[PDB]
Every structure is written in structure tokens, then in C-alpha cells.
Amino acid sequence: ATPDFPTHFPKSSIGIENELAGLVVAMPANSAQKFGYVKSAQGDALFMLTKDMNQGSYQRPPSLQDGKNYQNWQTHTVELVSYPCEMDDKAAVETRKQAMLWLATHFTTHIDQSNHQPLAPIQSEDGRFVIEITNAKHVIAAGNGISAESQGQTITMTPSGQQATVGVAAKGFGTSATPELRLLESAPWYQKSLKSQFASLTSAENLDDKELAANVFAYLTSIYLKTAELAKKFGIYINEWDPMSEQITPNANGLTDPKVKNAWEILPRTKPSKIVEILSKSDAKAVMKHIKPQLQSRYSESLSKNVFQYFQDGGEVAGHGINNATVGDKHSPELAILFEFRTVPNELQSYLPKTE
């Protein structure tokens, strides 16, 4: 049983994703994504061992026949997914990077002497790291997993395979209070001007928290407007909106299509409707009522109604989100909203392991 991610952090949090080159994991079809994890000797969970990109069906090399059933087994690339930690926790960030680099050296030895065999639950030579295997029905093989023997590969990581995920208190988005917030607010889809715009529309209104209301408005409006922009750009079917009704040819499979996700650059990972919870029933009604016209002044009635309704009923920006993450006091937890850096920017490069 792989431990679930911790959901609570006192302040801003960081998670890292790292797709490996030089090997594959082969497993039965419809297998769980997680097959193991690496923890410290003290028991702290550092990262998960996951299958990532499907590379086709697995064919056991004839010279490695072992009387075992490998029927319908699929081959996938490996991705190392960290357990989130506090962004300012240097020790936690460093242990994750070192633990990933150690596992790469272990994999390099494994494809050399135990090619086409499962990873065994072992402790590192220095005692720092422990592998726990949660799905024994797997094998690790060099390159593409077609040949019985490797090409003497050194298992590496690379920025092309790297992502970072940052969690921040929802109430902080638009305040620019910290360098994380300012980095997130630099997302091209985020329109800061919408804050002062909300203020102008709501002068006669007695708002419970007008500055929080303006922050939520700018955040949600920015997401809604970008979704519409992307739906028009890529010809995405949103709710009942048909891109072909507006002579737009579909050129993506949906919101979760890698190219649509890449177009966000800083991808929201939390369900937009969750942010309404940080406001009073009254302030939320005020924020929500002002969103429709921002869509309707830039997009058709159909695209505007459909994007608005989609996010109202709990629609996700790009598939299942991270919606149970929290910040602040453990006893009175506040909503955390998460963002995926599709490409790791220079400001976040220090959180990522670098093959020596």
C-alpha cells in the first residue's frame, strides 16, 4: 500500500515529477499507476515509482522465458513523483533530489544484472534510502524492453521530463505577498487588471471582504476566459458547446490533451469551484454574478454560457484535480490551490534533481 500524499502544509508547498530515460516498467493491463515508493530510513515517504507513458504491449524476450504469465502486460516509461514538502524546507527538497539520483544509480545496476526482473525492496548502501514495492507484478527493463540485454545505459533524468507543482493558500492568489505567489501571478493567462475592474463594478455593494472578492474574481475570470480562448483555439467540446457550430475544426482531443495543458504553461490543478468556499455566501454570489459579462463581451453566448456552467457544476481545467489540499493552521485548515509548471522555470530549477 503506497501512502497517499499528505494534504496539509503550514505554508506554500512543492511537488516534483521526473520522467526517466533509459528504461521501462512492464506490468499487467489496467494496473495501478503506483508500483512502489522510496522513503528515508526514518520512514519519511520521498517519492512514488509510477508508470507514465504507454509504450506498447510487453513481450517477454524468448531467451528470458521463466514459465511466468506475462499475458496482456503493457510497457510504460517510469516517472518519479515526489511526496509534497514545504517550499522553504531545504532539507526535504534536497533529500528528494538525492533519493531520486540514488534510485537512478540503482536502476543503472538493475538493468545491468537483473534486466527484465522486478525491483526488490532494498535499503541503499549508505542506509539513507529504502525502496518499498507495493505492486510486485512488474518488471524493469533497459531501453524499450524489447531486447533481453541492455546497451549499457546510465539511467538519467532531464528537464524535458521534468515538472514542478506548487500549492498556495487560495486567499493569497493576487496579493503578490511572496515570491511563489508572484511567480504564479506571472502566468500569461492571469489578468491582474481584473482586480481593479471588480472594485469599479461593486462600489454600491456592501461586501464582507471586498479585497478577497476581487482576488477570487480575477482568478476565476482569468481561468474561464483562458478556457474559452483554448476551446476556440483547439476546437474543444465544452459542456454543450460545439466548436463546429462556429466553423472551428477540432485540433485537440479535449482539455486534458498534452498540447492544451502545455498552452496553459502554469496549469491550474485544483477545481475552480472550490475557491468560492473562501468567501461568504453573499460575496461569492457577487463574484459569480459579475463573471458571465466578462465572457459575454469577448465570446459568443453559447461558448460563454457553456464555460460558465461547466465551472459552476465543478468542472476541472484538465482532468481530476488535487482538491483536498490545505494550508495554514492544521486545526482550522484553509483551501490550497495547486499549479503545474509544464516546463520548470529557472526560479524552480533548484528543486529538481540533475544527473551528474
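Heads up: residue numbers just count along the shown sequence, starting at 1.
Looking at mean Cα B-factors across 84-92 and 150-158, the upper value is held by 150-158. The PDB entry reports B-factors from which the mean C-alpha value can be compared for 119-127 and 233-241; the larger average falls on 119-127. Across the residues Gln98, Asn206, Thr108, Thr227, the deposited record lists the maximum Cα B factor for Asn206. Which of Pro272, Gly145, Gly167, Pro188 has the largest Cα B-factor in the deposited entry comes down to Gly145.
Among all modelled residues in this chain, the alpha-carbon of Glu19 has a temperature factor (C-alpha) in the highest third.
Compared with the other modelled residues of the chain, the Cα B-factor recorded for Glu316 ranks in the lowest third. Among the modelled residues of its chain, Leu103 has a C-alpha B-factor that falls in the lowest third, as given in the PDB entry. In the deposited entry, the Cα temperature factor of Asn69 sits in the top third of values across the chain's modelled residues. Ranked by Cα temperature factor within the chain, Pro179 sits in the highest third according to the deposited record.
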